[PDB]
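The data below hold one chain only, encoded as structure tokens and taken in the form deposited in one PDB entry.
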């Protein structure tokens, strides 16, 4: 399955690995499908590292799962932050996944087994490039200009 994030700076198609991270997938797709991320900004943008979003409050402290409470990590030896465009859930320690997620800008091995990887950017890399060059407050890494996720399209699999 895949989703396309329609942002102020372009679209980003992300393939989600539902066979390895079923709960993370269910959560993400449910939030996407219920317009939960619509209007969300990319609140933390760190060039060379990653960009974070998925917090309706836009502070980096908010957001919750489709279950109204944090859920468990789903780590996998098959899923590592070893390339640009890996998509993972942000957290505040073990099993504290909510709604926030981030997209890496490059290989970041230190993140492995610390955050639940659940997707990969498969199209719209130019959009990721645009996000990475966005001017930010060099102290908080918050983009000087709000960049939002307008809406998200879920590519329904023809198969039931």
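Positions refer to the first chain, counted from 1. What we label the rigid core is the largest C-alpha set whose atoms superpose within 1.5 Å from one form to the other. Residues that one form lacks are left out of the comparison.
Stretches 131-139 and 55-63 differ in mean C-alpha B factor, with the higher average recorded for 131-139. Taking the mean C-alpha B-factor of each stretch as recorded, 147-155 and 21-29 are not equal, and the higher mean is that of 147-155. Per-chain ranking of the deposited C-alpha B factor places residue 70 in the highest third. Annotation for residue 98: CA B-factor lies in the lowest third of the chain's modelled residues. Annotation for residue 91: C-alpha temperature factor in the middle third relative to the rest of the modelled chain, per the entry.
As for the form solved in complex with a partner chain, it is not shown, yet the points below apply to it.
Checked against its partner chain in the bound PDB entry, the candidates 50, 131, 117, 40 yield a single residue with a heavy atom inside 4.5 Å, and that residue is 50.
Of the heavy atoms in residue 110, some are within 4.5 Å of its partner chain in the bound PDB entry. In the bound PDB entry, none of the heavy atoms of residue 79 sits within 4.5 Å of a heavy atom of its partner chain. Not displayed here, its partner chain is kept clear of residue 69 by more than 4.5 Å at the level of heavy atoms in the bound PDB entry. When its partner chain is considered in the bound PDB entry, residue 91 lines it closely, a heavy atom lying within 4.5 Å. Taking the core as fixed, the only part between this form and the one not shown where three or more residues in a row have CA shifts of 2 Å or more is 157-160.
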